[PDB]
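Take a look at this one chain, the form deposited in one PDB entry, written out in structure tokens.
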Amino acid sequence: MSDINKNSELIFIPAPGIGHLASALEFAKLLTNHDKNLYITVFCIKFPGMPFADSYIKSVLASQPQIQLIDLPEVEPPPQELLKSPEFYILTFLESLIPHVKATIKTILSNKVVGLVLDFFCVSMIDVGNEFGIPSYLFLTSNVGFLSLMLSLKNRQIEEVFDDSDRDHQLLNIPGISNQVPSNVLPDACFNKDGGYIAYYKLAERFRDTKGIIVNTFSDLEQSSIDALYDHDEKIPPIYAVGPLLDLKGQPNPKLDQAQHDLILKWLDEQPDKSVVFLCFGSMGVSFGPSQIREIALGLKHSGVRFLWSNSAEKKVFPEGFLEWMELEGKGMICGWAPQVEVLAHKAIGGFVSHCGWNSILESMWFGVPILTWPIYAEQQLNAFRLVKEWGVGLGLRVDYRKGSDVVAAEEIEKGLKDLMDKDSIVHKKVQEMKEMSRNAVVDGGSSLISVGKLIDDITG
């Protein structure tokens, strides 16, 4: 009787791709590690023309008796024309899977199922859960900063898209974020009149219908933001900080063979401690244009810093002689896909030019690597802004860069690199302190484990 009574089940419905999947799987593992009678079923969605399928997930899970996965049938992808807004495209694709989600839940339903854990983009699934009397929990792969922005959309109408006019000078007061936020660091979606704003609006609208909001962040980083949100609107469900949630091993990717993988780390072994700058801009596989790539190459070479540069640019694009020089001196290396967590863990890495995706930020924080910000899409500009202006752990190259921005010149890049690699940088002390705080969050008795315990109690009670 006691055993039956203790068994509980959660159904996870994460968004496609690493960046959304990694933390969600690590979360499923954290949960099961803290309740032997907690079982989880992960619905695996197939995104049109995209990797990170079963292979990746099973690799991450690496055997877990309390976690099983079920693939959802493939459905017709939405029209490409809707890509005028990635966010709206994603929302449309996910809502198209509602019928299959309902059908799959009906097939594995039992009376021990106590809830759904949904990604930000899958909140429409809340209604499906209600059909079965199953409550839903929001699992946010971003931070409390992004949550604050989404929760603020309630005070406005779905037709009032953010002004794309003078965002070069428009400070906004967003409850949750202490600093006035420059309008030019808001996500592209907020200004998108072709579905972007509508998508953000429609999703944020469902946030308050969840039984709880779980965030991949930690108390020492955003407790004041969480407190600020409550002090503003008590209608917000309970917020649980259970991070950092990271995949510290990394999983195999086709764009990186074992030989390539091994050589990168061995090359790093040969470099002086904290002398190498790592450059990586996410998992989307879309590089900067030719001119911009040339400017980065020249800036890197002119700075004299050693580097590991991950990019998918064609060889013909590089400045004449650059690649020859690079492999002649061996002062730098280029790869198509990097074993990021192993790189950030290496003693040779002294800096990280990042696109500021949240997982990449958490990883750099966990390893105490300083970041030179170069945001591009999603909420990366907001993350860059806070890293530089709020937490003071990063240096700004650009905090408002986005698709359509002008090319960043080699001279400006060279300047950022020198400041980043400066041993006497002021952010150095802050980064060291942030490393300690992120590590302590997840040890026994740390803020995140105390939080996960209470979350599990709330879920299964």
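Here, rigid core means the biggest group of C-alpha atoms that superpose within 1.5 Å across both forms. Residues that one form lacks are left out of the comparison. One-based numbering along the sequence shown.
One more form of this protein should be noted, the form deposited in another entry, which is absent from this view; the next part is about it.
Engineer: Using a core superposition, identify the member of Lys202, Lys389, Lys255, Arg294 whose Cα displacement between the shown form and the other one reaches 2 Å or more.
Structural biologist: So the residue whose C-alpha moves 2 Å or more is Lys255.
Engineer: Core-aligned, does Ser96 move its Cα 2 Å or more between the shown form and the other one?
Structural biologist: Superposed on the core, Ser96 moves its C-alpha less than 2 Å between the shown form and the other one.
Engineer: Fitting the rigid core first, would the Cα of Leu30 be found 2 Å or more away between the shown form and the other one?
Structural biologist: The answer is no, as the C-alpha of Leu30 shifts between the shown form and the other one by less than 2 Å after core alignment.
Engineer: Determine whether the C-alpha of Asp164 shifts by 2 Å or more between the shown form and the other one once the rigid core is superposed.
Structural biologist: Yes, its C-alpha moves 2 Å or more.
Engineer: If the C-alpha spacing of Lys202 and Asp166 moves by 3 Å or more in that other deposited form, is that a move closer or farther apart?
Structural biologist: Distance between the C-alphas of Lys202 and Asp166: shorter in that other deposited form, by 3 Å or more.
Engineer: Pin down for me whether the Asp166-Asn192 Cα distance shrinks or grows in that other deposited form relative to this form (closer or farther, change of 3 Å or more).
Structural biologist: Residues converge in that other deposited form, at least 3 Å closer.
Engineer: For residues shared by both forms, which stretches of 3 or more shift their Cα by 2 Å or more between the shown form and the other one, once the core is superposed?
Structural biologist: Runs moving 2 Å or more: 49-51, 58-63, 164-168, 254-257.
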